[PDB]
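Each reported figure results from applying straightforward, stated rules to the coordinates on display, with no laboratory input. We place every Cβ from the backbone using ideal geometry, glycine too, and count neighbours over all the protein chains shown.
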Amino acid sequence: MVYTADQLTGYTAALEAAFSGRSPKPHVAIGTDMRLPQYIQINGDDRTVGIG
Amino acid sequence: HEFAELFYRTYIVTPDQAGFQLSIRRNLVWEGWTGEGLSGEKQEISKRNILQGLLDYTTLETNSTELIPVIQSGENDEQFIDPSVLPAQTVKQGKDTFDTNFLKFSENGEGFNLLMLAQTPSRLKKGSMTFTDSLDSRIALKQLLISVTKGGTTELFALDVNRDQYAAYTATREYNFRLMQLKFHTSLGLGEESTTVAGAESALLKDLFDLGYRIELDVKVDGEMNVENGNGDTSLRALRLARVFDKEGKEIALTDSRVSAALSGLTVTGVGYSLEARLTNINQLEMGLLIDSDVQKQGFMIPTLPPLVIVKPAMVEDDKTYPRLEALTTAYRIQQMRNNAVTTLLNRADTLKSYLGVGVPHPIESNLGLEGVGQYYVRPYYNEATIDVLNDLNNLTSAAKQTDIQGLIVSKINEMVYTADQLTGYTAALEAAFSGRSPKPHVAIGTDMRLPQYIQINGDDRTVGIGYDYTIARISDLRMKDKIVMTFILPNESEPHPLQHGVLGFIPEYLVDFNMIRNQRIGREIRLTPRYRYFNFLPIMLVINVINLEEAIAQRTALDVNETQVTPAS
């Protein structure tokens, strides 16, 4: 989902253009309830929730 | 930008040039001038590039000296077998087209000389047979023909007898010093699967084959031949059935009921023979093959593209209505470095699809509607493939979806690169062009901004394959959705070659500024005059489609299980 949104909205180009010289790394916030993060946090997975 | 550089290496040209031209050398081997109109009445005999012989065996391996008998159709019919047993076989020898048939065995009468018996139309045309024609040190039986008859029906066995232990003429000391002597006293066999002249299996010896039996036939044939005048004769002395063997290999009695039942009434006899001789004629009269040189030289023109221009109110300076030259230059860049490049790339791919078809390798020097000069130096080839990741992925746990998907995609792309290298022989061409660098074809991968994360991999040691160098480029342009563009490009060199993929002709040019009093007003104006052009050379491109990605990740896709029909179905 993060990759698709990035590709469709062209966020990185706008961020790099408006703010010059800084890392073109979008910063992602995820808001949810008390129960989900026990399944989001990873240790031993082949994938983390911060790739890209 | 990286992408424009990756495929089209920019070539700076001094402004005073209408373009640039290249002359390419080709080295050609070809049969030679033959016709009444200098190799054809009005036609030109097809040239062939020498690299074709590297990938083919028909363009070479000429024979021009094979002394084989030729039929004169009503003048020497005594020395050939009756054409009512085996029809004459048309043979292609050099340019000559003539008919052949087996020389018949002579028991008592006069023999034959090979020179008179073998006069091809090339020999008939020119003055005569020459004064000093001598046969080789090696002459051997090429093909012995024997007949199996049972109940009035006959089958012919065109048995290759060359490359046997005892089949080569050897000199002896009983007469003159040039008589080459032949001693054929040995027993050949016939098998369960021995192909016939007609059909594949004999219906008269079928019974022996069914139980798995092979028969041994003893052959005793002698003949004397003279290597200076050609006078020689070969004699069958006795042909008979010698031994019987089965699949296991120990001897099976001839009197036994099964064998003796099937072999009742069976007779074997010889028909003819063929001689393998070549004519070693010092003072050689042979054209062989002619070679030569020629070049194709082409010119490239560079236009002047429509102008990007700025107009501003006069006599004052601004910073919003007239921003700095940065807007001008960025308009320049957005014109050049992405749009025309991707358009010309897609146009090249589409034109290749239209002109060459899919998955078909064409011979060198084919098609003239293609851009560039690569097809003079490498075979044209273009292909595409589609990956249905929804339908083609194999996984076991949902915890490893990405590893499996990357494995699938990378295996497909790597195999595609291998087969593309195979069918075009690119490494051989690179070796021919350069003798100082080992051929390591560098494959440049083009794609949009979403896909590479599934393409960059450490799960598989191969990402483009072992012994291949790769580079990954990204462009955000919308036209490149779900596409993978790959071509063989040479990172090291920066000048045009036929095997170079493409060149971006670039003419640097200045800016003009002045006061333009037109339409009854005044205002300072700024213009641009751009000149460039994208050129295409290499006729190889591969396009991979990646589709159905979203549902593949979001759904279970596992275990194509092929139950093996032990529920009665066959």
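Worth pointing out:
- Take every DSSP beta bridge whose two residues both sit in the protein assembly as shown; close to 85 percent of them are antiparallel.
- For chain B, the relative contact order works out to 18 percent when only alpha carbon pairs closer than 8 Å and six or more residues apart are counted.
- Within the shell defined by Cβ-Cβ distances under 13 Å, the residues around residue B:475 carry a net charge of +2, with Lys and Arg each +1 and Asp and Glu each -1.
- Region B:499-570: trypsin sites (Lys or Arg not before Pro) in DSSP coil with no more than 14 other Cβ atoms inside 10 Å: B:518, B:521, B:556
- Prolate/oblate/rounded label for region B:51-202 (Cα gyration tensor, a/c 1.5): rounded
- Furthest towards positive pole of dipole, B:382, B:331, B:394, structure part region B:326-428, Cβ charges: B:331
- Over chain B, all Cα pairs binned in 20 Å intervals from 0 give whole-percent P(r) values of 14, 28, 28, 21, 6, 2, 0, listed from short to long.
- Calculated FRET efficiency, residue B:460 to residue B:61, Cβ-Cβ distance, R0 = 45 Å: about 0.55 to the nearest 0.05.
- Checking every one of the trypsin sites (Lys or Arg not before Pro) in region B:110-150 against DSSP loop status and a limit of 10 other Cβ atoms within 10 Å picks out B:126.
- Degrees between helix B:401-424 axis and first principal axis of chain B (Cα, 0 to 90, nearest 10): 60 degrees
- Farthest positive-ward along the protein assembly as shown dipole, Cα basis, beta-carbon charges - from B:208, B:422, B:301: B:301
- As a rough guide to protection, the peptides B:402-408, A:1-7, B:509-515 ranked by mean Cβ packing within 10 Å, highest first, stand as B:402-408, A:1-7, B:509-515.
- Under the shape rule built on the C-alpha gyration tensor, where the axes satisfy a ≥ b ≥ c, region B:1-117 is prolate, since a/c reaches at least 1.5 and a/b is greater than b/c.
- Kirkwood Rh and Cα Rg combined as Rg over Rh, evaluated for region B:503-570: 1.54
- Distance from the alpha carbon centroid of region B:411-466 to that of region B:364-384 works out to 20 angstrom.
- Net +/- balance of residues flanking residue B:492 in space, Cβ distance below 13 Å, scoring K and R +1, D and E -1: 0
- Computed from the alpha carbon positions, the gyration tensor of region B:208-256 leads to an equivalent ellipsoid with semi-axes of 37, 11, 8 Å, biggest first.
- Comparing Cα centroids, region B:273-316 and region A:1-46 end up 53 angstrom apart.
- Computed from Cα atoms, the angle from the helix B:341-356 axis to the main principal axis of chain B rounds to 20 degrees.
- Restricting region B:176-259 to chymotrypsin sites (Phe, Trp or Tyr not before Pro) that sit in a DSSP loop and have at most 11 other Cβ atoms within 10 Å of their own Cβ leaves B:177.
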